[PDB]
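Single-structure report; data block below.
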Amino acid sequence: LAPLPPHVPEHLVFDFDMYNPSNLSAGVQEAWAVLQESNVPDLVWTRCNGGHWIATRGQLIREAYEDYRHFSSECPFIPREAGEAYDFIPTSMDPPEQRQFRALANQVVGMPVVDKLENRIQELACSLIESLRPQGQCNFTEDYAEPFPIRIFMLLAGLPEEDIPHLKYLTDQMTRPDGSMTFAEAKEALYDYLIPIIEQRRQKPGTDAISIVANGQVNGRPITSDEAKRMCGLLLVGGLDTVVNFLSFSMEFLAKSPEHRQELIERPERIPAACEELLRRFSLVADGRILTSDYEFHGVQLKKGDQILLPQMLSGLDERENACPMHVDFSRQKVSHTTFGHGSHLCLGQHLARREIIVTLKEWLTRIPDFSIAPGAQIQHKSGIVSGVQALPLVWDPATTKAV
Ligand code: HEM
Ligand SMILES: CN(C)c1cccc2c(S(=O)(=O)NCCCCCCCCNC(=O)[C@]34C[C@H]5C[C@H](C[C@H](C5)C3)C4)cccc12
């Protein structure tokens, strides 16, 4: 618990630990939602993890993400040391500069690329699902959620599938720290893999995402090797943990809700809507900004340098945005959320993400419509910048499945 800064008033103090929420065992989303109980301010300060603000309501969260002038992405993560060392592009960049890098990044992961990827996504999901189907069980997170996104990224960046385990080892030690490496060290190791590949793609460019980024033009001039590297770092990890963990939260829910599974089994056309409502209910991201100058925000005095956590996850869980937010209703009429962010940094991979989600849900229910959490298994959730599921043991009667 860091010393309380003089400018922060005692009545706004709420010591929430974003890395180890008090009631995590009851569900990570449930753990964060405590920040939304009637007796909690819209904006509080926690002395945990170095000390920082936390917008607790969709309104303030959306507003801060819109006001990039006061809320910079220069240092987007908590703790401060992680945010300061983080230099990915364009996530650690504020507009107007960020504008064109985002446009270049969009060429390789935006809507265009998606349609061309469908067949590979479709094929990968089925292939993975078919290998499990006859087994009658699996650790969904390990056997499907983990290898799905990386494989998609490899095809996207035109990298050898042989490097998957190595790349997975690199990203894993960065996003799932065990305490052996500082964030910076993990980043360098990851970069050490990318540096040479970019050098090669710059001299002899192909049609892969990496060749496009590395030879792109930004703000009236050629992108530097260093910048290309900083963009590829993000294009790599951006679609990993978020997709892996979200898919897990989804499957855990469906495994525990036979009623909801049947709904989608009988009404397959409702899967797209089910995906949006799940994206809201099981939102899992939470990064933030740093004050560029002293600023009064909704009656609260913020000082230059203050870090503010703007939980993407919380907007959609806000009762004020969605009636009885914790209830999953595939028939919800105005599903509002900021699961993919908000403002100038709104997720460029959102369309790819939705396809990965929808294809997974469609292809899985088609082959394994009836499954459950392994009896006696207590699902453990993890909290952080990208909350998730430690493991998802699943079981099912192979006789109720079918190869397609
Ligand atoms: C269910 C999965 C996903 C979620 C919840 C998610 C979440 C987010 C969030 C909340 C942001 C904005 C962060 C900020 O404002 O600082 C963001 C940005 C980004 N995401 Fe995703 N995302 C997902 C998947 C993907 C995938 C599939 C990729 C693509 C390879 C990806 C790449 C990006 C990129 C490039 C940005 C940076 C955009 C900018 O800074 O201009 N995302 N994502
Ligand atoms: C004692 N002190 C002071 C401390 C010191 C050191 C470590 C500590 C840890 S810690 O061990 O948990 N380390 C925290 C840093 C983990 C950063 C994860 C990087 C994610 C990369 N992905 C993104 O780019 C993205 C960017 C964007 C948002 C989001 C999803 C996508 C899109 C990918 C993230 C916790 C608490 C305190 C610690």
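Letters A, B, ... mark the chains of the structure tokens in the order given; residue numbers begin at 1 per chain; ligand numbers begin at 1, in order shown.
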>> Taking 6 positions as the minimum chain separation for residues in the same chain, which residues sit within 8 Å of stretch 216-231 of chain A when counting only C-alpha atoms? Answer as a PyMOL selection string.
In response: chain A and resi 87-90+97+100-101+104-105+191+194-195+198-199
> Can you list, as a PyMOL selection string, every residue of stretch 75-291 of chain A that DSSP puts in strand (DSSP E)?
Replying inline: chain A and resi 137-139+217-218+221-222+288-291
Save out the residues we just selected, N, CA, C and O atoms, as a PDB file, in the first residue's frame.
ATOM      1  N   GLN A 137     -12.989 -35.599 -23.398  1.00  0.00           N
ATOM      2  CA  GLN A 137     -12.535 -34.627 -22.410  1.00  0.00           C
ATOM      3  C   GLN A 137     -11.382 -33.796 -22.952  1.00  0.00           C
ATOM      4  O   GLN A 137     -10.821 -34.120 -23.993  1.00  0.00           O
ATOM      5  N   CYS A 138     -11.038 -32.728 -22.236  1.00  0.00           N
ATOM      6  CA  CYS A 138      -9.924 -31.856 -22.611  1.00  0.00           C
ATOM      7  C   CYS A 138      -9.816 -30.693 -21.642  1.00  0.00           C
ATOM      8  O   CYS A 138     -10.723 -30.448 -20.846  1.00  0.00           O
ATOM      9  N   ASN A 139      -8.684 -29.999 -21.691  1.00  0.00           N
ATOM     10  CA  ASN A 139      -8.496 -28.793 -20.895  1.00  0.00           C
ATOM     11  C   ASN A 139      -8.645 -27.744 -21.982  1.00  0.00           C
ATOM     12  O   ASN A 139      -7.665 -27.362 -22.617  1.00  0.00           O
ATOM     13  N   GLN A 217       4.683   3.241 -45.066  1.00  0.00           N
ATOM     14  CA  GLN A 217       4.918   4.679 -45.009  1.00  0.00           C
ATOM     15  C   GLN A 217       4.023   5.267 -43.925  1.00  0.00           C
ATOM     16  O   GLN A 217       2.813   5.028 -43.912  1.00  0.00           O
ATOM     17  N   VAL A 218       4.617   6.031 -43.016  1.00  0.00           N
ATOM     18  CA  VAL A 218       3.857   6.649 -41.942  1.00  0.00           C
ATOM     19  C   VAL A 218       4.206   8.125 -41.821  1.00  0.00           C
ATOM     20  O   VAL A 218       5.374   8.503 -41.903  1.00  0.00           O
ATOM     21  N   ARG A 221       6.725   9.549 -44.393  1.00  0.00           N
ATOM     22  CA  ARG A 221       8.068   8.987 -44.514  1.00  0.00           C
ATOM     23  C   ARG A 221       8.112   7.503 -44.161  1.00  0.00           C
ATOM     24  O   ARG A 221       7.210   6.988 -43.497  1.00  0.00           O
ATOM     25  N   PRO A 222       9.160   6.793 -44.617  1.00  0.00           N
ATOM     26  CA  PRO A 222       9.330   5.357 -44.357  1.00  0.00           C
ATOM     27  C   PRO A 222       9.417   5.004 -42.875  1.00  0.00           C
ATOM     28  O   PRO A 222      10.121   5.669 -42.106  1.00  0.00           O
ATOM     29  N   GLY A 288      -4.874   1.479 -18.958  1.00  0.00           N
ATOM     30  CA  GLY A 288      -5.236   2.849 -18.634  1.00  0.00           C
ATOM     31  C   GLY A 288      -4.409   3.964 -19.238  1.00  0.00           C
ATOM     32  O   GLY A 288      -3.823   3.819 -20.304  1.00  0.00           O
ATOM     33  N   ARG A 289      -4.352   5.086 -18.531  1.00  0.00           N
ATOM     34  CA  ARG A 289      -3.642   6.258 -19.011  1.00  0.00           C
ATOM     35  C   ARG A 289      -2.895   6.995 -17.905  1.00  0.00           C
ATOM     36  O   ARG A 289      -3.010   6.666 -16.724  1.00  0.00           O
ATOM     37  N   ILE A 290      -2.137   8.010 -18.309  1.00  0.00           N
ATOM     38  CA  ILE A 290      -1.391   8.847 -17.378  1.00  0.00           C
ATOM     39  C   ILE A 290      -1.760  10.315 -17.656  1.00  0.00           C
ATOM     40  O   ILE A 290      -1.886  10.733 -18.810  1.00  0.00           O
ATOM     41  N   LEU A 291      -1.953  11.088 -16.595  1.00  0.00           N
ATOM     42  CA  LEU A 291      -2.298  12.496 -16.733  1.00  0.00           C
ATOM     43  C   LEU A 291      -1.171  13.301 -17.365  1.00  0.00           C
ATOM     44  O   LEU A 291      -0.026  13.242 -16.914  1.00  0.00           O
TER      45      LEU A 291
END
> Using the chain letters and numbers from this document, which residues of stretch 148-226 of chain A does DSSP assign to helix (DSSP H, G or I), as a PyMOL selection string?
Replying inline: chain A and resi 148-157+161-175+183-203+209-214+225-226
> What lies within 6 Å of stretch 315-326 of chain A using only C-alpha atoms, ignoring chain neighbours under 5 positions off, as a ChimeraX atom specification?
Replying inline: /A:57-58,280,336-337
>> Give me the residues near residue A:270 as number ranges by chain, where near means some atom within 12 Å (using only C-alpha atoms) and where sequence neighbours in that chain fewer than 2 positions away do not count.
In response: A: 260-268, 272-277, 329-332, 358, 361-362
>> At a cut-off of 8 Å and counting only C-alpha atoms and all ligand atoms, what residues surround ligand 1? Please answer as a ChimeraX atom specification.
In response: /A:65,73,76,89-93,98-99,101-102,105-106,109,149,153,231,234-244,246-247,279,283-289,312,338-354,356-357
Based on the selection just made, write C-alpha atoms of those residues as a PDB file, in the first residue's frame.
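Written output follows (again31.pdb):
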ATOM      1  CA  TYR A  65     -10.610   7.150 -23.323  1.00  0.00           C
ATOM      2  CA  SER A  73      -1.196   6.240 -23.511  1.00  0.00           C
ATOM      3  CA  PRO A  76      -0.788   2.729 -20.257  1.00  0.00           C
ATOM      4  CA  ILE A  89       2.916   0.785 -31.337  1.00  0.00           C
ATOM      5  CA  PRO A  90       0.403   2.188 -31.460  1.00  0.00           C
ATOM      6  CA  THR A  91      -0.770   1.325 -27.902  1.00  0.00           C
ATOM      7  CA  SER A  92       1.823   3.540 -26.194  1.00  0.00           C
ATOM      8  CA  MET A  93       1.289   6.392 -28.628  1.00  0.00           C
ATOM      9  CA  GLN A  98      -0.785   7.405 -33.544  1.00  0.00           C
ATOM     10  CA  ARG A  99      -3.243   8.057 -36.369  1.00  0.00           C
ATOM     11  CA  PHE A 101       0.520   3.853 -37.413  1.00  0.00           C
ATOM     12  CA  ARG A 102      -3.002   2.700 -36.587  1.00  0.00           C
ATOM     13  CA  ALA A 105      -1.601  -1.645 -38.583  1.00  0.00           C
ATOM     14  CA  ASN A 106      -5.173  -1.710 -39.878  1.00  0.00           C
ATOM     15  CA  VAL A 109      -5.527  -6.972 -39.254  1.00  0.00           C
ATOM     16  CA  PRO A 149      -4.846 -17.628 -31.968  1.00  0.00           C
ATOM     17  CA  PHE A 153      -1.238 -15.102 -36.303  1.00  0.00           C
ATOM     18  CA  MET A 231       4.288  -2.634 -34.090  1.00  0.00           C
ATOM     19  CA  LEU A 234       1.773  -5.758 -30.503  1.00  0.00           C
ATOM     20  CA  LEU A 235       0.313  -7.392 -33.610  1.00  0.00           C
ATOM     21  CA  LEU A 236       1.623 -10.608 -32.071  1.00  0.00           C
ATOM     22  CA  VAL A 237       0.480 -10.463 -28.445  1.00  0.00           C
ATOM     23  CA  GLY A 238      -2.676  -8.426 -29.030  1.00  0.00           C
ATOM     24  CA  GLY A 239      -4.687 -11.380 -30.293  1.00  0.00           C
ATOM     25  CA  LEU A 240      -3.291 -14.017 -27.941  1.00  0.00           C
ATOM     26  CA  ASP A 241      -4.226 -13.725 -24.271  1.00  0.00           C
ATOM     27  CA  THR A 242      -7.395 -11.712 -24.922  1.00  0.00           C
ATOM     28  CA  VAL A 243      -8.799 -14.344 -27.289  1.00  0.00           C
ATOM     29  CA  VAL A 244      -7.479 -17.268 -25.252  1.00  0.00           C
ATOM     30  CA  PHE A 246     -12.221 -14.727 -23.511  1.00  0.00           C
ATOM     31  CA  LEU A 247     -12.892 -18.018 -25.259  1.00  0.00           C
ATOM     32  CA  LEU A 279     -18.225 -10.169 -24.902  1.00  0.00           C
ATOM     33  CA  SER A 283     -15.200  -8.521 -20.724  1.00  0.00           C
ATOM     34  CA  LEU A 284     -11.629  -9.006 -19.478  1.00  0.00           C
ATOM     35  CA  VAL A 285      -9.360  -6.099 -20.372  1.00  0.00           C
ATOM     36  CA  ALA A 286      -8.156  -3.315 -18.123  1.00  0.00           C
ATOM     37  CA  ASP A 287      -5.388  -0.919 -19.054  1.00  0.00           C
ATOM     38  CA  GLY A 288      -5.236   2.849 -18.634  1.00  0.00           C
ATOM     39  CA  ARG A 289      -3.642   6.258 -19.011  1.00  0.00           C
ATOM     40  CA  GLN A 312     -12.631  -1.705 -20.338  1.00  0.00           C
ATOM     41  CA  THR A 338     -16.263  -1.200 -24.249  1.00  0.00           C
ATOM     42  CA  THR A 339     -14.789  -4.694 -24.310  1.00  0.00           C
ATOM     43  CA  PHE A 340     -12.696  -3.743 -27.337  1.00  0.00           C
ATOM     44  CA  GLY A 341     -11.798  -0.378 -25.848  1.00  0.00           C
ATOM     45  CA  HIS A 342     -13.003   3.072 -26.856  1.00  0.00           C
ATOM     46  CA  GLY A 343     -11.650   6.229 -28.467  1.00  0.00           C
ATOM     47  CA  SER A 344      -8.699   6.456 -30.866  1.00  0.00           C
ATOM     48  CA  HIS A 345      -7.242   3.087 -29.780  1.00  0.00           C
ATOM     49  CA  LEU A 346     -10.455   1.038 -30.278  1.00  0.00           C
ATOM     50  CA  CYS A 347      -9.301  -2.521 -31.016  1.00  0.00           C
ATOM     51  CA  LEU A 348      -8.207  -2.929 -34.639  1.00  0.00           C
ATOM     52  CA  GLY A 349      -8.496  -6.687 -34.225  1.00  0.00           C
ATOM     53  CA  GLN A 350     -12.100  -6.656 -33.063  1.00  0.00           C
ATOM     54  CA  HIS A 351     -13.425  -8.070 -36.332  1.00  0.00           C
ATOM     55  CA  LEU A 352     -10.877 -10.867 -36.422  1.00  0.00           C
ATOM     56  CA  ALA A 353     -11.646 -11.543 -32.742  1.00  0.00           C
ATOM     57  CA  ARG A 354     -15.393 -11.839 -33.349  1.00  0.00           C
ATOM     58  CA  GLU A 356     -12.528 -16.380 -34.036  1.00  0.00           C
ATOM     59  CA  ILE A 357     -15.208 -16.364 -31.343  1.00  0.00           C
TER      60      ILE A 357
END
>> So the first atom is atom CA of residue A:169 and the second is atom CA of residue A:147; what is the distance between them in Å, to one decimal place?
In response: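 Interatomic distance, atom CA of residue A:169 to atom CA of residue A:147: 12.2 Å.
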>> Counting only C-alpha atoms, which residue out of A:207, A:360, A:46, A:372 sits closest to residue A:125?
In response: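 Among the listed residues, A:360 lies closest to residue A:125.
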>> My list of candidates is A:55, A:210, A:190, A:152. Which is closest to ligand 2 when distances are computed with only C-alpha atoms and all ligand atoms?
In response: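 When distances to ligand 2 are compared using only C-alpha atoms and all ligand atoms, the smallest one comes from A:190.
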> Smallest atom-to-atom distance to residue A:128: which of A:185, A:397, A:146, A:162, using only C-alpha atoms?
Replying inline: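 Answer, going by the shortest atom-to-atom distance: A:146.
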>> Just want the 9 Å neighbourhood of stretch 164-166 of chain A, counted on only C-alpha atoms, with same-chain residues fewer than 6 positions away dropped. Output as a PyMOL selection string.
In response: chain A and resi 147+150-151+154
> Which one of A:382, A:355, A:120, A:402 sits closest to ligand 2 if you count only C-alpha atoms and all ligand atoms?
Replying inline: A:382
> Hey, what's within 8 Å of residue A:79 if we count only C-alpha atoms and toss same-chain stuff fewer than 3 positions away? As a ChimeraX atom specification, please?
Replying inline: /A:49-50,82-83
For those residues, write N, CA, C and O atoms to a file as a PDB file, in the first residue's frame.
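Just written: again_0.pdb:
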ATOM      1  N   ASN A  49      -0.561  -1.527  -5.749  1.00  0.00           N
ATOM      2  CA  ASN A  49       0.286  -1.486  -6.937  1.00  0.00           C
ATOM      3  C   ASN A  49       0.859  -0.133  -7.308  1.00  0.00           C
ATOM      4  O   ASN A  49       0.826   0.255  -8.473  1.00  0.00           O
ATOM      5  N   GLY A  50       1.398   0.579  -6.323  1.00  0.00           N
ATOM      6  CA  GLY A  50       1.983   1.881  -6.593  1.00  0.00           C
ATOM      7  C   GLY A  50       1.041   3.057  -6.393  1.00  0.00           C
ATOM      8  O   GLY A  50       1.491   4.189  -6.208  1.00  0.00           O
ATOM      9  N   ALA A  82       6.078  -0.998 -15.536  1.00  0.00           N
ATOM     10  CA  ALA A  82       5.676  -1.794 -16.688  1.00  0.00           C
ATOM     11  C   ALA A  82       5.187  -0.843 -17.779  1.00  0.00           C
ATOM     12  O   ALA A  82       5.553  -0.974 -18.943  1.00  0.00           O
ATOM     13  N   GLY A  83       4.364   0.123 -17.385  1.00  0.00           N
ATOM     14  CA  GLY A  83       3.836   1.079 -18.340  1.00  0.00           C
ATOM     15  C   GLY A  83       4.911   1.951 -18.966  1.00  0.00           C
ATOM     16  O   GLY A  83       4.835   2.280 -20.149  1.00  0.00           O
TER      17      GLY A  83
END
> With distances taken over only C-alpha atoms and all ligand atoms, which of A:176, A:256, A:304, A:202 is nearest to ligand 2?
Replying inline: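 Among A:176, A:256, A:304, A:202, it is A:176 that comes nearest to ligand 2.
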>> Could you list, as a list in words, every residue within 7 Å of residue A:44, counting only C-alpha atoms and ignoring same-chain residues fewer than 4 positions away?
In response: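 In the requested form, the answer reads residues 12, 13, 14, 53, 54 and 55 of chain A.
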